């Protein structure tokens, strides 16, 4: 961007950053109760994204090479023969089909288009649905507990931090340095979830906790006897 | 088994085959029938040759001086042989005799005192499974199959107990040969018994994924090994995790790369990349190099076809029977993927005849395009490798015939709409072999998006009505119910498919291990390396590069004692669980 | 922490039956159960013997459930003090 002789490469190398930062935005957006535990599913599928990309894109090339073979295409320019040969194959999958150019071998054009679409839109779509759904069911409890788990990681970083907006956070960045201009040791404050308790109240909570432990132990001992396998042994 | 034994005695009767006589049963006959029940493995448990050829002792055959189809080393000929002391597997002899009679309660007691434990259990499973498929009585066949699966679980338990403690010696025990069971190995013996559950258990696939990835590691990534695949200098860098690097045994970069290349994984990737690039090479000679003459970039295809087809004769000469040339090709014929490979070869033969003839270039431009996808099917056949790919490509293996089924369903249903679409509207676009276009080819395009609305649309209400009705029938019923019948079948046999993929994992490993690490471009050199060798040599005794490890006796004894100890440990645990089961305590 | 001293010594030796008896007389209950779970989980990942590692992991999960039960019994009655007990050092 600073070099004036490479603006065009700077117009194409900084566009990917817009989605690379969108990935980071999605990383922060593991928050909602109906969002996070099912974004753990895409966390499970992060490598399978590359896997299915390598599968489906190669299978798409398998049709793109075959599409332009029999028909006599003549549209070619520097870095646009590539367009007319390959770029027009992925568009014919999601709808941009130049039929007046794509269609003697009309029977074979029908046959191959039906066969490749049968292989893709059936097998790689609905079996993909099945292998998504079964994996979703398999570790749904695991993912729920995992999201419950990482809930605290966001809380820890968002609690021990000043409430200043990011535009003003540069002020708080220098607030800790002007403080250390006078101070010399790291003893400013402990703003963590670590609460020290007075002894006269700690004793009161601990006695209550012991009482409830014994209550729980009696209940567990009762359930162990109530279990029918124990009575068979009896 | 008694019927089979009374039938072998007549197939080799007294006069013509066991020439002196054979109305008496003797151990050679039962060895012969056990060989039939087992696979094509080595000489059976009892002595075949002239020393103890037990076929022809009822007539006064000569004594020790004979040593041909008679008694040679044994003491006396008293209408018997003598004391063949214990034939080195006395417990296994009772185990086989009890197994062939389907005495379930009796065989379990005898197997407890066995020596070569896992091998005996697997061999019994194979014999039972083979006898069940031939038993005419359904009750006997079902009981035999159930006992075979019981002995499967019995073997799996012992191997699990052995693998938990010192898995490194567990794999050694796995790959060890067994003199007491026909000079075979436990792993190989599992393949023929077909053994869904044993081969899918833990350490089995661990040893598979250890022999695969030959010497490097099991930890570093597939996406990271491919970088040093292409970048030769990057291999010597501190990026890959070797075992030679772990042991700092790198005294020669040539040897460090030699082990890397002899690892089966890079051979697989190198073959895959050659097959991927020669497809691009074939695509090169159809867009720009459409010439009626063999050009500069054309003889490479003929040489490549010559190189690839030689792998078939290499496989034929790999491990055949020394008498059956046609009986080995039956396996290749039954292999429908091999049938597709040879069909793709035949289609190339049919297309080359049109390519060489200058008067049929246009038919050669349309008959060789299908080969590009026919070879893509073969590429997909080889791409049953990844852990998230193979066990769910077993689903499309299940659905291979249903692909044709749903094609015949949906295409006919598409024609049902294509015929009706052009009926009411007055279409007038027609040319030779383009009236077909304008009538039928424009119907499938209107399904996936190419709808010429300005031509397709008085009967606008009926055009709306029929388009809504047909699309309701297709995109709802044949789509989401298809989803349901895919998902339910995926759930139904998911475990079956997982174990099946675990099963076929070894088939790739066997073909990719016993093969030189040369790239396919250089494999023509190794093709003639075995012929220049046979110019000097005369007998097939070059080497045995199989997963069959012979063991020294002083170490075999050490493993077998440990295996017996662990068998007894496992038996005590199983006996304890049987008592712990509540149904047993109710009986108590 | 005399009871906690026996609890740690019994936990590190994988004496499942012995540690449960000692934990019943413990004072800082949930903290002790969680600490025992962490020690067992850390020792399992380093134990070379697979049987010992599996038993240690199973005991760690057992002590997990033991802590969860006590905390549930504490949270049912006066959840406001239950969180105070949770966040106490």
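Each reported figure results from applying straightforward, stated rules to the coordinates on display, with no laboratory input. As a convention, Cβ positions derive from the backbone with ideal geometry for all residues, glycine included, and neighbour counts pool all protein chains shown.
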I'd like to check something: does segment B:449-460 contain any residue that is surrounded by 12 or more Cβ atoms within 10 Å (Cβ to Cβ), away from every other protein chain (no Cβ under 14 Å) and part of a helix (DSSP H, G or I)? no
Restricting attention to segment A:180-195, does a residue exist that is within 14 Å of chain C (Cβ to nearest Cβ), over 44 Å from the mean Cα position of the chain (by Cα) and surrounded by fewer than 10 Cβ atoms within 10 Å (Cβ to Cβ)? no
Per the list (1) facing chain A (nearest Cβ under 10 Å); (2) in a helix (DSSP H, G or I), residue check on residue B:386 breaks on (2)
Among (1) over 30 Å from residue A:48 (Cβ atoms); (2) in contact with a helix residue (DSSP H, G or I) (Cβ under 7 Å, 6 or more places away or on another chain); (3) within 11 Å of chain A (Cβ to nearest Cβ), residue B:362 falls short only on (2)
(Q) Among the residues in segment A:105-115, are any out of contact with any helix residue (DSSP H, G or I) (no Cβ under 9 Å at 6 or more places or on another chain) and either assigned to a loop (DSSP other than H, G, I, E, B) or closer than 30 Å to residue B:368 by Cβ (or both)? (A) yes
For helices (runs of 4 or more DSSP H) lying entirely in segment B:494-588, having 3 or more residues that are within 28 Å of residue B:181 (Cβ to Cβ) picks out B:494-513, B:553-580
Worksheet item: Is one or more of the residues making up segment B:68-83 in contact with a strand residue (DSSP E or B) (Cβ under 7 Å, 6 or more places away or on another chain) and over 30 Å from residue B:324 (Cα atoms)?
Response: yes
Could you say whether any residue in segment A:159-166 is away from every other protein chain (no Cβ under 14 Å), surrounded by fewer than 13 Cβ atoms within 10 Å (Cβ to Cβ) and within 29 Å of residue B:389 (Cβ to Cβ)?
-> no
Practice prompt. Would you be able to say whether some residue in segment B:462-475 is facing chain A (nearest Cβ under 9 Å) and either under 31 Å from the mean Cα position of the chain (by Cα) or surrounded by fewer than 17 Cβ atoms within 10 Å (Cβ to Cβ) (or both)?
Written response: no
Checked against (1) within 18 Å of residue B:5 (Cα to Cα); (2) surrounded by fewer than 16 Cβ atoms within 10 Å (Cβ to Cβ), residue B:80 satisfies every condition except (1)
Test residue B:347 against the criterion of being surrounded by 14 or more Cβ atoms within 10 Å (Cβ to Cβ), more than 14 Å from chain A (Cβ to nearest Cβ), touching a helix residue (DSSP H, G or I) at 6+ places or on another chain (Cβ under 7 Å) and within 30 Å of residue A:107 (Cα to Cα), and give yes or no. yes
Reported set for segment B:228-241 where residues are surrounded by 14 or more Cβ atoms within 10 Å (Cβ to Cβ) and more than 29 Å from the chain's Cα centre (by Cα) is B:228, B:235, B:236, B:240, B:241
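Table: residues versus (1) closer than 27 Å to residue C:81 by Cα; (2) touching a strand residue (DSSP E or B) at 6+ places or on another chain (Cβ under 7 Å); (3) not in a helix (DSSP H, G or I).
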residue	(1), (2), (3)
A:150	yes, no, no
A:158	yes, no, no
A:167	no, no, yes
A:174	no, no, no
A:185	no, no, yes
A:192	yes, no, yes
A:204	yes, no, no
A:217	yes, no, no
Notebook entry, point to check: Taking residue A:99, is it within 8 Å of chain B (Cβ to nearest Cβ) and surrounded by fewer than 16 Cβ atoms within 10 Å (Cβ to Cβ)?
Noted result: no
- Among the residues of segment A:125-132, is any more than 22 Å from residue B:408 (Cβ to Cβ), surrounded by fewer than 18 Cβ atoms within 10 Å (Cβ to Cβ), within 7 Å of chain B (Cβ to nearest Cβ) and touching a helix residue (DSSP H, G or I) at 6+ places or on another chain (Cβ under 7 Å)? yes
Surrounded by 18 or more Cβ atoms within 10 Å (Cβ to Cβ) and over 23 Å from residue B:123 (Cα atoms) - does that describe any residue in segment B:22-33? yes
Do we find a residue being more than 30 Å from residue B:132 (Cα to Cα) and within 41 Å of the chain's Cα centre (by Cα) anywhere in segment B:31-47? no
